[PDB]
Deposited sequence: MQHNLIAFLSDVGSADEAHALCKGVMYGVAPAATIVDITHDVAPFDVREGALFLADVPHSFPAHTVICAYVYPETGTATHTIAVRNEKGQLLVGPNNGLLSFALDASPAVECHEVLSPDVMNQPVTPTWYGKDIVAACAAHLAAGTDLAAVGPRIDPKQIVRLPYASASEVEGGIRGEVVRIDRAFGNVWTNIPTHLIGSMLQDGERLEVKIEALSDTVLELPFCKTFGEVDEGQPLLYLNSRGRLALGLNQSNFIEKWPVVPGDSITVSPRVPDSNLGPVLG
């Protein structure tokens, strides 16, 4: 099945030609394809950050999409590239190192194969750039309509490496969660606390590390509901609880990092 829309993510940056050579390879194999960047500014080697960036990609993108993604410090070793068809019908290609975990939570694997066949690769294969020669090349082949079965042998979806993600839970108070990611352009803090856990309960937010700092925060539908510069709690596009300042940068005011505990209570 043709998938004329390739969505492309990596940790190689857009500041040099590296990412564009990959596209060069892709347009060569799939001249009908539209290539769109997700981002290339995933922090180096950071599989987790890459995986978070891919989470909402299945839902935002149409079914004829190939998600092409690589953050691959394991390039040129035993850790293989995989190719996947999800429940939506989209195709996904990347290293089997956890990168596709959160994309697959959004729309599970129906079929998966290890990418092993040289006919879907860019020959010769450079040991230090599987991203281009295997991931990108295979992604374009699948876009052009190559059968998923031709890429290599079938594997069970549990052979796909998954990244552990902490779930928010009820304590007495009391909801305990953590900082998942930071919306870097604005400095809004994203937690793992979903809509339904807070639905129960101005609220009290404790950020213990550091430094046992408590804030009394209003819950708003949007930023403009508090005065300029003032803090707020809101639910984001993903149904997760978030912290921000109206027209300012929250983490510059409260240097929280991913992993940090967030407790919210009446």
Which runs of the deposited chain sequence never show up in the coordinates?
202 to 206, 272 to 283
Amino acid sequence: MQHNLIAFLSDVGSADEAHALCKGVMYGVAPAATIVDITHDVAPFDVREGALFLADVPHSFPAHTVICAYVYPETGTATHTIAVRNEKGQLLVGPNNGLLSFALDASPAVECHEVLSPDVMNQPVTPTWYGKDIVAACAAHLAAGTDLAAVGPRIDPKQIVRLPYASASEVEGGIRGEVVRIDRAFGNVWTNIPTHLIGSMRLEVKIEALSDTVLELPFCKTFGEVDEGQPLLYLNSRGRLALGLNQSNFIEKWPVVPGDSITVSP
From here on, numbers count along this sequence of modelled residues.
Of the other entries that cover residues on both sides, do at least a third skip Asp183?
no
Please check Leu100 against the other PDB entries of this protein that were compared: is it missing in at least a third of those that model both its neighbours?
no
Looking at the deposited entry, does 206 to 214 or 231 to 239 carry the larger mean Cα B-factor?
206 to 214
Once average C-alpha B-factors are taken from the entry for 51 to 59 and 27 to 35, the winner is 27 to 35
Hey, out of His113, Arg162, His196, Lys132, whose CA B-factor is highest in the deposited coordinates?
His196
Could you check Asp183, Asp156, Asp119, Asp105 and tell me which one carries the biggest Cα B-factor in the deposited entry?
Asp183
In terms of its chain's C-alpha B-factors, the third that includes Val179 is the highest
Ordered by C-alpha B-factor within the chain, which third holds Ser169? Give me lowest, middle or highest, please.
highest
Of the three thirds of the chain ranked by Cα temperature factor, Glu17 occupies the middle
